[PDB]
Amino acid sequence: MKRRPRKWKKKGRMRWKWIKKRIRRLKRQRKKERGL
Amino acid sequence: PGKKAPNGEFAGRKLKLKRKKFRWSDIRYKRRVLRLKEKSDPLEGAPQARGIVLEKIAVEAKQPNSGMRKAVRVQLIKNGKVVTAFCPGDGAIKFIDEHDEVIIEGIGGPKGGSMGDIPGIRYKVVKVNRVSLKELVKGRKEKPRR
Amino acid sequence: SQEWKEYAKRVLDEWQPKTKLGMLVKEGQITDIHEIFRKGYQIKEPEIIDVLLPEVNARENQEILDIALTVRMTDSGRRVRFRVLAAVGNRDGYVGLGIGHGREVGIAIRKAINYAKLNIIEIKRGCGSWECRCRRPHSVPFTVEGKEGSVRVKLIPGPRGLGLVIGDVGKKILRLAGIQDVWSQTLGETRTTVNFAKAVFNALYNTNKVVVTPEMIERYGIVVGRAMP
Amino acid sequence: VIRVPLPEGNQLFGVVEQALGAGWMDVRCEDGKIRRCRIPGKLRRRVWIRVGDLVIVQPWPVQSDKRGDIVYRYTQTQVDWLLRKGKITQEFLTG
RNA sequence: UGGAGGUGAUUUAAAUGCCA
RNA sequence: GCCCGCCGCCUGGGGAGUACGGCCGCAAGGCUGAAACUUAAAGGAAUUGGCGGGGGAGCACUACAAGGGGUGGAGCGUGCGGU
RNA sequence: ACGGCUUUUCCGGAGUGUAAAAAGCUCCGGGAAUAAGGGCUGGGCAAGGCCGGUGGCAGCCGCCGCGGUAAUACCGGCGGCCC
Ligand SMILES: [Mg+2]
Ligand SMILES: [Mg+2]
Ligand SMILES: [Mg+2]
Ligand SMILES: [Mg+2]
Ligand SMILES: [Zn+2]
């Protein structure tokens, strides 16, 4: 997914392992629901 | 890290290709060869414009300031788009009536964009009915069309 | 040149030295500024320079580069103390540069001017440009470089009449030493005058670390110290 | 007599229903049109406004529909004091 | 004088903060 | 560290590893990858202090442990909030 | 404030100039007479620690930043600085 290590730093944001998991759940809908 | 990649005598082509390919990682040169300012720009490469006012509004200043800054909604002529302009001077909002032909400049901030606490305004009125707003605000001249 | 030559005759009495160079000077043995340097001594009494370079205190051979107040926090507020940077030198062949610290501005200035006499050096001058080929001591004899902090400087000779083209706090140091024409090329962050000043000082020092032949001397005009004042 | 924030100039009486958020206050005045008050920066420090506090605001001649602006509050020693004079009828607060 | 690794253990509940 | 070679990548923080289009895979997914717009800082290594439901050393009847007398419940004296 | 002086520029007049004009240039008569604005005045950046308004409002602000009833920073008056 071509990640960049500046974003695991947790200073003023939320965990990256849990943001990726939420980008995926949207790319699953833009694809089923007429991502055809 | 090594020394530097194509430092040969007969290595011109690879050198020119390297430089030409890493020039695009810039942002001022890219924004220029593609001509991206235009076709995203309501004034279309001009230093003024002329519009017709639609209403009068006021905005809130930024976080560590307090006040309301007066402004107007202008609709252009050459395009038909709608921009938000700002009236400079103590008591200017008392001259801009509806249905006026105003002139429009930039505002001169960083990168051509906005400035100061007024965060999203990027144009300022100069002329109202062909009488410099600067004069009107301080007497010294009379206003046409009522 | 008189008032700054009775000054030494006044100082030379009420001064009973404690180091050894003090004895040597006060007994008429050592009698000229050019013979305490290249021999490995130590200099801890600031009256030695008042006697051999009595002009170093003339208020037009003095200079106050920057003043800045710094802070450290404590459970009863902030404790604030100053820092001054000052340079001194006759405008002929000698310079010095020091810092000093205090809790007011006259005391910091006093210590700075003091420690700027115990950090004195002599340089080499000449004329090594490609345009001017006279033999007169107005410029650096050949390009030198000195580094400090995060700031690299490089000083290039320049033709007679062209002024001093360097930053702001380089001009004072290079004017107090006698140089009058120069060019320049720098790097790093040149907004922290402490590091910029120390790099210029180190370059002027490194002037005398380049090997020369006895014939290169009568082609650039290299004078060491005074040159017929 | 007494110094009370009467309607001076063009003031309005603000009695709020709900705070949608970020300072917007839906007010329910005797005028009828849903007005939406906002707040200046001089009082956002020392005072504390909520629902049921009849207070004074100021409207704006633009559309005369969703307007109002706090300038001063009312203390519990005035809110019901303002009944006997009948300057305001409280049945604009129970329907 | 001064540091680098390893294996063990580490104990009921216990949240939140005008304005200058 | 001082030199002689070759190849890969970087150009303020976000938007974004996202949209669109291709090539792989049975599916999960992988590789390639922008612009509108928004913002004056985001980041690094060290220094005084303050703090820790971190560690050591030492304290104190406005702390405890061992003890003596009580205030908190009733009526009045006096001070305060509110009305 | 008194005494004198000049006529580049300004009004009339004569030559010359020009395809014809006009400008221009040489001579005459009057007259110091006909002729300075624009922007800045907290730091970067030369220049005020003065007077009167305004009270987080009005306004200023390329960036940093002023204004909360004692404003060198906003609006004026008087001073000063660069062209
Ligand atoms: Mg990294
Ligand atoms: Mg907490
Ligand atoms: Mg002024
Ligand atoms: Mg200045
Ligand atoms: Zn020379």
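By the method listed in its record, cryo-EM, this PDB entry was determined to a resolution of 3.3 Å.

**Some words on the overall build of chain D**
Per the secondary structure count, chain D includes zero helices and six strands. The helix and strand sequence of chain D, counted from the amino end, reads β-β-β-β-β-β. Taking 2.2 N^0.38 as the reference for a compact globule, 95 residues should give roughly 12 Å; the C-alpha atoms of chain D span a radius of gyration of 13 Å, in line with that estimate. On the principal axes, the C-alpha backbone points of chain D span a range of 35 × 30 × 25 Å. Every one of the 95 residues in chain D was classed for burial, and the buried ones make up 31%. If you take every contact in chain D between residues at least 6 apart in sequence, the share linking residues at least 24 apart comes to 52%. Carbon together with sulfur atoms contributes 52% to the accessible area of chain D, which is approximately 6,900 Å² in total.

**Quick look at the coordination of the zinc ion (ligand 5)**
All names here are of chain C. Bound to the zinc ion (ligand 5) on the protein side are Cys127 (SG), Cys132 (SG), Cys134 (SG) and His138 (NE2), at distances that span 2.1 to 2.3 Å. Angles of 75 to 135° at the metal separate the four donor atoms of the zinc ion (ligand 5), which places the site in the irregular class. One chain supplies every donor for the zinc ion (ligand 5), spaced along it as C-x4-C-x1-C-x3-H.

**Some points on the environment of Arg110 of chain C**
Residues and elements named next belong to chain C. Mapping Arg110 onto the fold places it in helix α4 (residues 105–115). Judged by its relative accessible area of 58%, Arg110 is exposed. In sequence terms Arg110 and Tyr94 are 16 residues apart; their C-alpha atoms lie 20 Å from each other.

**So, the side chain of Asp69 of chain D**
By secondary structure assignment, the location of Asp69 of chain D is in the loop between β5 (55–57) and β6 (70–72). Here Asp69 of chain D sits buried without a salt bridge, and the closest side chain of opposite charge, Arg38 of chain D, lies 7.3 Å off (N-O distance).

Scoring rules and cut-offs
Counting starts from 1 on each chain and follows the sequence as written, independent of the entry's numbering; residues without coordinates are not shown. Whichever chain is written first is A, and whichever ligand is written first is 1; the rest continue in order. Within a larger assembly, only the chains shown are considered here, and all values are given for them alone. To get the side-chain values, take all heavy atoms of the structure and skip hydrogens and water. A run of H or I in DSSP becomes a helix once it reaches four residues, and a run of E becomes a strand once it reaches two; helices and strands are each numbered from the N terminus. C-alpha atoms define the radius of gyration in this analysis, and the globule rule sets the expected value at 2.2 Å times the number of residues to the power 0.38. Categorising residues by exposure relies on relative accessible area from a 1.4 Å probe, with only protein chains included: less than 20% of the type maximum marks a residue as buried, more than 50% marks it as exposed, and the intermediate range marks it as partly exposed. Residue contacts are counted whenever heavy atoms from the two residues lie within 4.5 Å of one another. The protein chains shown are the only cover counted for residues, whose accessible areas, like all others here, come from Shrake-Rupley with a 1.4 Å probe. Donors, by definition, are the N, O and S atoms found within 2.8 Å of a metal, the threshold being 3.2 Å for Na, K and Ca, and water is not counted, so a site can look incomplete. Four donors are marked tetrahedral only if all angles between them lie between 85 and 135 degrees, whereas four are marked square planar and six octahedral if opposite donors are more than 155 degrees apart and the other angles lie between 65 and 115; the remainder are marked irregular. Positive charges are assigned to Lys and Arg, negative charges to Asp and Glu, while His and the chain termini are left out of the count. We define a salt bridge as a contact between a side-chain nitrogen of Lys or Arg and a carboxyl oxygen of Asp or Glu at a distance within 4 Å.

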